[PDB]
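Worksheet for the structure shown next.
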Amino acid sequence: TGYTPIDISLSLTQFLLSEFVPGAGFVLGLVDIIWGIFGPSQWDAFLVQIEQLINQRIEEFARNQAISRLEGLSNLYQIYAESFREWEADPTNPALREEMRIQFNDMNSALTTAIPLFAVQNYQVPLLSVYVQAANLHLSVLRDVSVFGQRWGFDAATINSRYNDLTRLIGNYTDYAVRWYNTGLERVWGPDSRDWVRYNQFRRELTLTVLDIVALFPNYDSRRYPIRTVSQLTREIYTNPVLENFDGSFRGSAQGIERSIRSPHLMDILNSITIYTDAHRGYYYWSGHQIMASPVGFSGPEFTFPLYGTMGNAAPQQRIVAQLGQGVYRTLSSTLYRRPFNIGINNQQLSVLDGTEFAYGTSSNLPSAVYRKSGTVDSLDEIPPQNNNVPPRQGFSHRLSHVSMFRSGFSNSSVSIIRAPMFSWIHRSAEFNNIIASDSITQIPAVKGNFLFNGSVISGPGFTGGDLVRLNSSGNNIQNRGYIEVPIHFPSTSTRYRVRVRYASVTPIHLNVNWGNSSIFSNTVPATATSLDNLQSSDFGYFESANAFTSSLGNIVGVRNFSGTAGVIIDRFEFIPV
Ligand SMILES: CC(=O)N[C@@H]1[C@@H](O)[C@@H](O)[C@@H](CO)O[C@H]1O
């Protein structure tokens, strides 16, 4: 059918983001999306997807052993799923209850045996995606026994033991996956542009097929999340048409290309891009541009970034409005390469864009914005739909969040000109606004805030689904306390909410949580980590307000660091309806 593991994973991500609640729906969902296949095809494809990228086939025996085992888990989970489905339909039935207990044990036992075979020495990287899939399924099944095990007829001692497995393995699987993500990525680095392409492709593909899934693992903790919980992925992934459609390779450019990506920041909303046009020998091109953005929820004035590339005057400037409908979901770019037989300042090599169509995500339809012309270098090939059952403009997975630029040469004095817009893509689960649901546990990442004082945004470890907020120590200045404020919106004004914060700290730290002007928590929270530099899964802890309140307290939430000597990492705010 022409599908790749990337398509499949994005679809699974969509599911896990919107349907993360225990019950038959979840179990049947996993069968429908991943585990309902017959035969080795899918699994082979999952392996090839990473193998072809690192340019290394898994040793043949270990490869067949892994594929074979995945087939086994598939058959077994299909049976488990149907037993679950019939059981839910008739929960008091003793025969169904006994069958569930047997099915759970077989499933748990098979997964525990199978997993190390997806961690074979010297082949951890190409086996990573199937590992994560298996790990996901295992956590899922452990979550199921935690929620339903009593009703199935397991004793309290067995349930608690399985739950302790769940919490430990949330940690272990996460750390394993991130470690091997980092290792694999690092191996793929090289000095030239061809290397950078491969490196970024790895980052991109494994973000979509590994990291994105891992980021949702904490959700399986049924005690922490006893009802439906909605996560948001704020991380950005990258395409670059000029570089990615280039068959040659720019020597020693990789570092420069990588630096052209912007550094960690509070999430913004891309409003417009103003493109400047330069020309050479009747070839008109995108020479530079200017970005305009807004804070999350349009909760502040629009801001303008410094000029990217060079301001050319060969044609009038074109202001492309990105923020219409759901925003820009797709770029279709026209690449221009000039490689003349004789090269000189009068006859330059060009590696640029001479057109781009910017297509909008929309429930209906909306005409595309077009810089000069459309092209065939299509972002949808790299950033596919999460839902392939509707048109791409409805079933898209990402939204254009920024455009920066890798640049080389000056038109006036160079033989070779590179102008390579770097397109940055945010997952659509990163909503324009912070909207607190009334019937589910709403997760709002701290980086979705709009005001940060005595602190900085730092790179996530890779398992949080985006970046993190670091509040600095005050230096014993009551006026210099680190503060992050998040704008929030309540569609329901009568629902009562407890506010939970997910954090990391090396020493005990006094934190103050405000909802509007009201302080709803002010106390010392324990240390959770040994280091803030090398973050592992268990380094993140939780604390929460004692009481529940309504939207009448206000439309902001914040955390203040009262410590004079220690810093603290804020991951996300969570709103729990009582
Ligand atoms: C006495 C006190 O804590 N003052 C805080 C200050 O520490 C800082 O957080 C600032 C950021 O806006 O807000 C002030 O209200």
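A note on labels: chains of the structure tokens are A, B, ... as shown, every chain counts residues from 1, and ligands are counted from 1 in their shown order.
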
Margin query: I'd like the neighbourhood of region 544-554 of chain A as a ChimeraX atom specification, where a residue qualifies if any of its atoms comes within 7 Å (using only C-alpha atoms), though same-chain residues fewer than 5 positions away should be ignored.
Written below: /A:490,493-501,515-516,518,520-521

Next item on the list: Tell me, as a ChimeraX atom specification, which residues lie within 8 Å of residue 321 (chain A), counting only C-alpha atoms; anything in the same chain fewer than 4 positions away does not count.
Entry: /A:271-273,369

Would you put the residues from that selection into a file with C-alpha atoms, as a PDB file, in the first residue's frame?
```
ATOM      1  CA  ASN A 271       1.957  34.652  11.703  1.00  0.00           C
ATOM      2  CA  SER A 272       3.760  35.581   8.531  1.00  0.00           C
ATOM      3  CA  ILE A 273       6.899  35.351   6.451  1.00  0.00           C
ATOM      4  CA  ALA A 369      -0.307  31.257  -0.660  1.00  0.00           C
TER       5      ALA A 369
END
```

May I ask you to write as a PDB file with C-alpha atoms, in the first residue's frame all residues lying at most 9 Å from ligand 1, with only C-alpha atoms and all ligand atoms counted?
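Final file, selection33.pdb:
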```
ATOM      1  CA  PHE A 451       6.601  35.140  30.417  1.00  0.00           C
ATOM      2  CA  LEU A 452       9.900  33.890  31.851  1.00  0.00           C
ATOM      3  CA  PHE A 453      11.904  35.816  34.516  1.00  0.00           C
ATOM      4  CA  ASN A 454      15.351  34.803  35.925  1.00  0.00           C
ATOM      5  CA  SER A 474      17.266  34.022  43.495  1.00  0.00           C
ATOM      6  CA  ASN A 477      16.869  38.150  46.392  1.00  0.00           C
ATOM      7  CA  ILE A 478      13.145  38.211  47.035  1.00  0.00           C
ATOM      8  CA  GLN A 479      12.913  40.468  43.977  1.00  0.00           C
ATOM      9  CA  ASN A 480      14.965  38.147  41.746  1.00  0.00           C
ATOM     10  CA  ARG A 481      12.992  34.905  42.107  1.00  0.00           C
ATOM     11  CA  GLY A 482      12.681  32.769  38.973  1.00  0.00           C
ATOM     12  CA  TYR A 483       9.175  32.829  37.500  1.00  0.00           C
ATOM     13  CA  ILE A 484       7.290  31.158  34.590  1.00  0.00           C
ATOM     14  CA  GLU A 485       3.739  32.311  33.801  1.00  0.00           C
ATOM     15  CA  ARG A 560       7.972  30.692  41.370  1.00  0.00           C
ATOM     16  CA  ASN A 561      11.260  29.401  42.698  1.00  0.00           C
ATOM     17  CA  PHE A 562      11.827  30.669  46.249  1.00  0.00           C
TER      18      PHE A 562
END
```

Next item on the list: Find the residues near residue 435 (chain A): any atom within 8 Å, counting only C-alpha atoms, skip ones fewer than 5 places away on the same chain, and give them as a VMD selection string.
Entry: chain A and resid 488 to 491

Item checked: Backbone-only DSSP, strand (DSSP E) members of region 227-349 of chain A, as number ranges by chain -> A: 229-230, 236-239, 268-280, 283-295, 303-304, 308-309, 318-321, 328-338, 349

Note to self: Let me make sure I understand: among A:119, A:301, A:106, A:317, which one has the smallest atom-to-atom distance to residue 288 (chain A) if we use only C-alpha atoms?
What the structure shows: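 Closest candidate: A:317.
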
Next item on the list: Rank A:241, A:445, A:395, A:355 by their smallest atom-to-atom distance to residue 424 (chain A), using only C-alpha atoms, and report the top residue only.
Entry: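 Among the listed residues, A:241 lies closest to residue 424 (chain A).
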
Next item on the list: Have a look at A:190, A:375, A:508, A:421 and name the one nearest to residue 402 (chain A); count only C-alpha atoms.
Entry: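 Going through A:190, A:375, A:508, A:421 one by one, the smallest distance to residue 402 (chain A) is for A:421.
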
Item checked: Every residue of region 299-477 of chain A that DSSP places in alpha helix (DSSP H), as a ChimeraX atom specification -> /A:392-395

N, CA, C and O atoms of the current selection, written as a PDB file, in the first residue's frame:
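That gives us again.pdb:
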```
ATOM      1  N   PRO A 392      -5.084  15.370   3.106  1.00  0.00           N
ATOM      2  CA  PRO A 392      -3.953  15.872   3.884  1.00  0.00           C
ATOM      3  C   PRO A 392      -4.186  17.188   4.619  1.00  0.00           C
ATOM      4  O   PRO A 392      -3.653  17.381   5.708  1.00  0.00           O
ATOM      5  N   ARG A 393      -4.975  18.072   4.029  1.00  0.00           N
ATOM      6  CA  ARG A 393      -5.264  19.391   4.656  1.00  0.00           C
ATOM      7  C   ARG A 393      -6.161  19.262   5.894  1.00  0.00           C
ATOM      8  O   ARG A 393      -6.249  20.176   6.689  1.00  0.00           O
ATOM      9  N   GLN A 394      -6.780  18.104   6.053  1.00  0.00           N
ATOM     10  CA  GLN A 394      -7.484  17.794   7.299  1.00  0.00           C
ATOM     11  C   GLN A 394      -6.754  16.808   8.208  1.00  0.00           C
ATOM     12  O   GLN A 394      -6.860  16.879   9.421  1.00  0.00           O
ATOM     13  N   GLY A 395      -6.052  15.874   7.599  1.00  0.00           N
ATOM     14  CA  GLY A 395      -5.384  14.780   8.351  1.00  0.00           C
ATOM     15  C   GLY A 395      -3.892  14.970   8.616  1.00  0.00           C
ATOM     16  O   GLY A 395      -3.197  14.046   9.035  1.00  0.00           O
TER      17      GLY A 395
END
```

Checklist line | Long-range neighbours of residue 417 (chain A) as a PyMOL selection string, 10 Å cut-off, only C-alpha atoms, 4 positions minimum in chain | finding: chain A and resi 287+337-338+348-352+407-411+413

Next item on the list: Show which residues sit within 7 Å of region 228-239 of chain A, as a list in words. Count only C-alpha atoms, and ignore same-chain residues fewer than 3 positions away.
Entry: residues 17, 18, 20, 21, 204, 225, 422, 423, 424, 425, 426, 427, 429, 430, 440, 441, 442, 443, 465, 466 and 467 of chain A

Checklist line | Selection near residue 444 (chain A), 7 Å with only C-alpha atoms, sequence-local residues under 6 positions removed, as an MDAnalysis selection string | finding: chainID A and resid 434 572:574

With N, CA and C atoms retained, write the just-selected residues as a PDB file, in the first residue's frame.
```pdb
ATOM      1  N   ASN A 434      -3.874  27.440  25.282  1.00  0.00           N
ATOM      2  CA  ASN A 434      -3.913  26.496  26.428  1.00  0.00           C
ATOM      3  C   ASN A 434      -5.333  26.408  26.952  1.00  0.00           C
ATOM      4  N   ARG A 572       5.853  20.465  33.073  1.00  0.00           N
ATOM      5  CA  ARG A 572       4.479  20.828  32.688  1.00  0.00           C
ATOM      6  C   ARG A 572       3.529  21.033  33.855  1.00  0.00           C
ATOM      7  N   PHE A 573       2.497  21.804  33.561  1.00  0.00           N
ATOM      8  CA  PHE A 573       1.331  21.971  34.432  1.00  0.00           C
ATOM      9  C   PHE A 573       0.281  20.966  34.010  1.00  0.00           C
ATOM     10  N   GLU A 574      -0.370  20.383  34.999  1.00  0.00           N
ATOM     11  CA  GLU A 574      -1.500  19.454  34.773  1.00  0.00           C
ATOM     12  C   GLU A 574      -2.746  19.885  35.569  1.00  0.00           C
TER      13      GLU A 574
END
```

Item checked: Shell around residue 536 (chain A) at 12 Å using only C-alpha atoms, local window under 6 positions removed, as a PyMOL selection string -> chain A and resi 170-179+460-464+504+528-530

Output N, CA, C and O atoms for every residue in that selection, as a compact mmCIF listing (two decimals), in the first residue's frame.
```txt
# COMPACT_ATOMS: atom_id res chain seq x y z
N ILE A 170 8.33 1.88 32.98
CA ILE A 170 8.15 3.21 32.38
C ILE A 170 9.52 3.88 32.31
O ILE A 170 9.92 4.41 31.27
N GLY A 171 10.22 3.82 33.42
CA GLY A 171 11.59 4.39 33.54
C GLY A 171 12.65 3.71 32.67
O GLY A 171 13.36 4.36 31.92
N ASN A 172 12.74 2.40 32.79
CA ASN A 172 13.78 1.62 32.10
C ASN A 172 13.68 1.67 30.56
O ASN A 172 14.69 1.81 29.86
N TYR A 173 12.46 1.53 30.06
CA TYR A 173 12.24 1.56 28.62
C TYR A 173 12.56 2.94 28.05
O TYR A 173 13.20 3.09 27.01
N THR A 174 12.10 3.95 28.77
CA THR A 174 12.37 5.36 28.43
C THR A 174 13.88 5.65 28.32
O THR A 174 14.37 6.14 27.28
N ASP A 175 14.61 5.31 29.37
CA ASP A 175 16.07 5.55 29.44
C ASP A 175 16.84 4.79 28.35
O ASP A 175 17.79 5.29 27.76
N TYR A 176 16.41 3.57 28.11
CA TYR A 176 17.03 2.72 27.07
C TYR A 176 16.87 3.36 25.71
O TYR A 176 17.83 3.53 24.95
N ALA A 177 15.62 3.70 25.40
CA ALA A 177 15.27 4.28 24.09
C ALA A 177 16.01 5.59 23.83
O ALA A 177 16.58 5.79 22.74
N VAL A 178 16.03 6.46 24.84
CA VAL A 178 16.72 7.77 24.72
C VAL A 178 18.23 7.64 24.54
O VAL A 178 18.82 8.32 23.72
N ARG A 179 18.82 6.74 25.32
CA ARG A 179 20.26 6.40 25.24
C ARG A 179 20.64 5.99 23.80
O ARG A 179 21.57 6.52 23.21
N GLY A 460 15.06 19.72 26.01
CA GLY A 460 14.56 18.48 26.64
C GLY A 460 15.51 17.30 26.49
O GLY A 460 16.32 17.25 25.58
N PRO A 461 15.42 16.32 27.39
CA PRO A 461 16.29 15.15 27.32
C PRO A 461 15.94 14.24 26.18
O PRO A 461 16.74 13.39 25.81
N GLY A 462 14.74 14.43 25.65
CA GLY A 462 14.23 13.61 24.53
C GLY A 462 13.01 12.76 24.83
O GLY A 462 12.44 12.15 23.95
N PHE A 463 12.63 12.72 26.09
CA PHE A 463 11.46 11.92 26.53
C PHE A 463 10.26 12.73 27.06
O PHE A 463 9.27 12.17 27.55
N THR A 464 10.35 14.04 26.97
CA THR A 464 9.27 14.89 27.44
C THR A 464 8.42 15.44 26.29
O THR A 464 7.41 16.10 26.52
N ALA A 504 11.75 18.73 38.15
CA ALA A 504 13.03 18.06 38.49
C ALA A 504 13.96 18.98 39.30
O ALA A 504 14.11 20.17 39.03
N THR A 528 14.59 15.24 43.43
CA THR A 528 14.12 14.11 42.59
C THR A 528 15.23 13.47 41.74
O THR A 528 15.08 12.37 41.21
N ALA A 529 16.32 14.19 41.64
CA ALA A 529 17.44 13.86 40.74
C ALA A 529 18.79 14.04 41.41
O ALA A 529 18.90 14.77 42.38
N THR A 530 19.81 13.36 40.88
CA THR A 530 21.21 13.59 41.36
C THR A 530 21.92 14.67 40.53
O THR A 530 22.78 15.37 41.02
```

Item checked: Top pick for closest residue to residue 437 (chain A), considering A:153, A:282, A:22, A:577 and counting only C-alpha atoms -> A:577

Next item on the list: Could you tell me which of A:396, A:148, A:432, A:217 comes closest to residue 293 (chain A) if we count only C-alpha atoms?
Entry: A:432
